[PDB]
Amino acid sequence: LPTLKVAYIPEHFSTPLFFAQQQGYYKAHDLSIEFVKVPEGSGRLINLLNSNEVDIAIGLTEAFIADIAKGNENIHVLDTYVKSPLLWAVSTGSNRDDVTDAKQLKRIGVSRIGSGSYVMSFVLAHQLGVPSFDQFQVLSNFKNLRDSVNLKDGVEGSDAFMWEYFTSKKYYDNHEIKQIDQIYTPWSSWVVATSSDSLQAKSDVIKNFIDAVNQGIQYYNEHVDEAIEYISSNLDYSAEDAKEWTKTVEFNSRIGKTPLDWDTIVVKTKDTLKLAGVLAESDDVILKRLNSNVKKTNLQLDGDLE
């Protein structure tokens, strides 16, 4: 089996991936996996797939679905990594008399254009009943986002930004920032994606990787105790906050055993984004693009007789 470069995001969600390596599940499947850490989200994950720097990427669902719907026929969504929805938290400065409610938002700080923090701002706007936001401050990283809403020097100011709850919880407790709203993703939060190159060149190995992840997920499920320790000792999460998170997340224990849920990964995602104004492409154009690049089956090895 050819070597496999897997791009991931160093968060609590990547826990199952770690234990799969710790317990040597990858090697057990005759695999040689080179993990590539991507601290700045799915945006770079897609770029890495486009440049063939990596074979597989584990990122947010909407990121890949939208990219495909926008005409990237070289991106393939293989399966679901996380079944439970992502909880987005809306934050603002510690002392902002001008910002107390979500409907008061005008300037929206985002890591990058097209990111989750950007896309979800539209979804939030639609649920609030207000028109989508048009003022965006590209701040690149999480810290800049916090400094921005606090109107700190060196960065452009913002009214609010959106970031994963448990990742932002630390800064609510030390009162650096202030939560004004939350919002779940209508869809499953994480998926496993690959490129057209890797899919036709390294299909058999990708399958084994998914199977290894399946075991990594089962181990996690049976060893939350160790998961809590790992997350709090290696990632920016307290043991208590890490524990709270474990009671909200549900990794796809059926990953590789059954096709992804079309309704939650594709239908809800496209219908929400389209309705929110994120996607301008027509429905049947989006459908046709997703029907070709979103798996409705599981990967399979060649039969003995070819």
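When you see a residue number, it is the position in the sequence shown, counting from 1.
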property	result
235 to 243 versus 26 to 34 - greater average Cα B-factor per the deposited record	26 to 34
Mean C-alpha temperature factor, higher of 12 to 20 and 279 to 287	279 to 287
Residue selected from 101, 164, 79, 159 by maximal Cα B factor	101
Residue selected from 92, 194, 200, 189 by maximal Cα B factor	200
Third of chain Cα B-factors occupied by residue 264	highest
Chain thirds of CA B-factor: placement of residue 62	lowest
CA B-factor ranking of residue 144, expressed as a third of its chain	middle
For residue 113, the third of its chain into which the C-alpha B factor falls	middle
Residue 174, C-alpha B-factor rank within chain (lowest, middle or highest third)	highest
